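Enquirer: Below is one structure. I have some questions about it.
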Amino acid sequence: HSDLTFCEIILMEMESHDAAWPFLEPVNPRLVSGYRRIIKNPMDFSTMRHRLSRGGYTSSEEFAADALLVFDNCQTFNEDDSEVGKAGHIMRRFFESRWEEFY
Ligand SMILES: CCc1c(-c2csc(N3CCNC[C@@H]3C(=O)NCCCCO)n2)[nH]c(C)c1C(C)=O
Ligand SMILES: [Mg+2]
């Protein structure tokens, strides 16, 4: 049940990644017009860190579900050629590759 250890490794690496800047904190819907209306389930790296710190993950699969939610939301709201969108593609490819070179 120490897939949570690899969750720790991968989350540390995403948190320190250069392209992680759009995802370190929750999006503030007061500052982003339309975000609340379009994104039903917001997610971000600090929320995953908090959930992991309090033992809120029962398996690596739901951790991965939150991670993929970050980048699904990113691609849903932001254009692929937007700055946040580009960072999201870099981060998504990073997560998929790291997650697969363990499982
Ligand atoms: C595009 C908003 C965004 C971010 C995000 C996090 S910091 C940031 N920066 C700050 C400095 N340069 C401009 C840009 C910005 O516009 N900051 C105001 C909005 C911050 C509300 O929290 N952008 N991350 C995701 C997943 C986003 C969206 C819309 O999906
Ligand atoms: Mg693939």
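In UniProt numbering, the protein residues as written are 1796 to 1898.
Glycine included, every Cβ here is placed at the ideal spot set by N, Cα and C.
#1: Assuming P1821 and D1839 make a contact with CB atoms under 8 Å, what is their CB distance in whole Å?
#2: Can you give the Cα-Cα distance for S1848 and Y1830, rounded to whole angstroms?
#3: Within 10 angstroms of the Cβ of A1862, are there 16 or more other Cβ atoms? Answer buried if so, exposed if not.
#4: By the DSSP assignment, the alpha helix (DSSP H) with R1825 in it spans what residues?
#5: Can you tell which of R1888, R1887, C1869 has its C-alpha closest to the C-alpha of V1879?
Expert: Looking at the atomic coordinates:
#1: 5 Å
#2: 27 Å
#3: buried
#4: First-last for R1825: undefined, no H or E at that position.
#5: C1869
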